[PDB]
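Just the one chain here, laid out as structure tokens, in the form deposited without the named molecule.
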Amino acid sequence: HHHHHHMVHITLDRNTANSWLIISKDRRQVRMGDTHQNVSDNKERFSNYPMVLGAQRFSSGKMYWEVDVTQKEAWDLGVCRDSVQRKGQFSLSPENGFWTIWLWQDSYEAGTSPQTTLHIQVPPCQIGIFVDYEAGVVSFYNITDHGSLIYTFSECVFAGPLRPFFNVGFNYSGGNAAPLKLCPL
């Protein structure tokens, strides 16, 4: 792809984080802690899952960023509406305001309803995410495999400002402690 020139500098919004997440000083990395991280609760925090939003809001234009997923067993990545549900149980779907892909139990899937199987020959260590607001497109790229396309959501109905979306996943196995990292431009 040739989307790299739309690169944006994403930072994580501490106030939206699940209370077990640990965000680095530079707000560019996040991992699952082994306990509650001693923060107050608020209506913005994701309660049920290890999720956090980017601070940046997008309502127009073309945006691109990259995320490092090295040595993770489970994660979700993409964008979501600013007004997505934060509390209780929900599925990641465009009907609920999410445009995402994930790794789970050694398979990759797009967060459609129902979910769509992805075909990845080279397990990615870094994911590129492209958003074209006006066109209604969210695309995912395999940076480890020379930028090959993973998935395109088209005919998106964003219906609000968008925020970068992250889920570091649970670590029940002891094999999923590694962080998500926003990669440098």
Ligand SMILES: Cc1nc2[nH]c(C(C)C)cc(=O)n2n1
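Counting begins at 1, following the sequence as shown.
Asker: Would you mind comparing 62-70 and 34-42 for me and telling me which has the higher average C-alpha temperature factor in the entry?
Answerer: Looking at the recorded C-alpha B-factors, 34-42 comes out higher on average.
Asker: Quick one: say whether 19-27 or 161-169 has the higher mean Cα B-factor in the deposited entry.
Answerer: Higher mean C-alpha B-factor: 19-27.
Asker: Within this chain, which third does the Cα B-factor at residue 182 fall in: lowest, middle or highest?
Answerer: Tercile = middle for this residue's CA B-factor.
Asker: Could you look up the Cα B-factor of residue 115 in the entry and say which third of the chain it sits in: lowest, middle or highest?
Answerer: Highest third.
Asker: Considering every modelled residue of the chain and its Cα B-factor in the PDB entry, is residue 102 in the lowest, middle or highest third?
Answerer: It belongs to the lowest third of the chain when residues are ordered by C-alpha B-factor.
Asker: Considering every modelled residue of the chain and its Cα B-factor in the PDB entry, is residue 148 in the lowest, middle or highest third?
Answerer: Ranked within chain, residue 148 CA B lands in the middle tercile.
Asker: Please place residue 156 in the lowest, middle or highest third of its chain according to the CA B-factor in the PDB entry.
Answerer: Middle third, going by the recorded CA B-factors of the chain.
There is another form of the same protein, the form deposited with the named molecule bound; it is not shown, and what comes next is about it.
Asker: Is there a non-hydrogen atom of residue 41 within 4.5 angstroms of a non-hydrogen atom of the named molecule in the deposited complex?
Answerer: Close contact exists here: in the deposited complex, residue 41 approaches the named molecule to within 4.5 Å, heavy atoms only.
Asker: Counting only non-hydrogen atoms and a 4.5 angstroms cut-off, does residue 51 reach the named molecule in the deposited complex?
Answerer: Yes, contact at 4.5 Å.
Asker: Quick one: does residue 79 come within 4.5 Å of the named molecule in the deposited complex, counting heavy atoms only?
Answerer: Output for residue 79 is no: heavy atoms all beyond 4.5 Å of the named molecule.
Asker: Looking in the deposited complex, is the named molecule within 4.5 angstroms of a heavy atom from every one of 87, 90 and 167?
Answerer: Spot residues vs the named molecule: full contact, yes.
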